[PDB]
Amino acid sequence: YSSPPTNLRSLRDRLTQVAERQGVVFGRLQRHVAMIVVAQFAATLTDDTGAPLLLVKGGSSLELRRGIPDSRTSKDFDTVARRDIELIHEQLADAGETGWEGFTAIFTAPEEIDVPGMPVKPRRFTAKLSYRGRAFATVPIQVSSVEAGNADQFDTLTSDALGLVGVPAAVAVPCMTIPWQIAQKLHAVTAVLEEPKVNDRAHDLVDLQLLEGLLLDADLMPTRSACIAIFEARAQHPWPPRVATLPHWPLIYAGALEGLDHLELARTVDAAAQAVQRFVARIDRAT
């Protein structure tokens, strides 16, 4: 494509053409662009030394690490911020009005969410995107505070999705490194929740398998330290944990596998909880 889309209808038609070309669902690709678009806003938030203020996290980070086909499909945009929330929101809302390649975003008010082990309760808000004056997509956003050394470093991942529909701007998203993604997700999947609510995070089992695959050999001492840091800082269940399965997880885990038949994952919730438990033990042996 020679030029960027002239309007929203063009972008929608340019995307559905690229979606069928790459063998993915249009809605999945459309949310990817929007997710990519907010990342660009978040990337422009910086401190006095040029280092980023936000680090994307969770499902959006694994999508950028393995692409659309090899990553679980989720809608949340998770971020860890090195500054306080209303300063983050003002900066995000400031970057939205300015724009990026014709994309403008207005954000909703941040709302504190119930969190058991964080002295600074993360916040949740949404960005209503538009492309040249026409509403394009709404992305749920989540921002949480720093934890030990989880924002000390960052990976810079990229995606070519917008380069396909004629928006050639270079995408570079700062991401939380995998050792801390393993620690946070390990602590979440083995979390015992107070009576009212139950831990439904069977999907984290799938991701921990993906993150283990991305780590390859490398060295698990960084991952072990991150787990030692996260489990202690939250001061709930200790380390190492036991990957317990709950009665309603078999179907939730099967839903988390949708679209990952080509991948070498455990196809059942038990074998997955066993693989993640082997991975936990493998982390705990480090020297």
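A residue's number is simply how far along the shown sequence it sits, counting from 1.
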Report the stretch with the higher mean CA temperature factor, choosing between 210-218 and 127-135 on the basis of the entry.
127-135
Of 170-178 and 95-103, the one with larger mean CA B-factor
95-103
Candidate set 157, 186, 148, 198 [ranked by C-alpha B-factor, highest]
198
Residue 19 - which third its CA temperature factor falls in, relative to the rest of the chain:
highest
What third of its chain, lowest, middle or highest, does the C-alpha temperature factor of residue 75 fall into?
highest
Chain thirds by Cα B factor, record data; residue 13 belongs to the highest
Looking at the C-alpha B-factor of residue 205, is it in the lowest, middle or highest third of its chain?
lowest
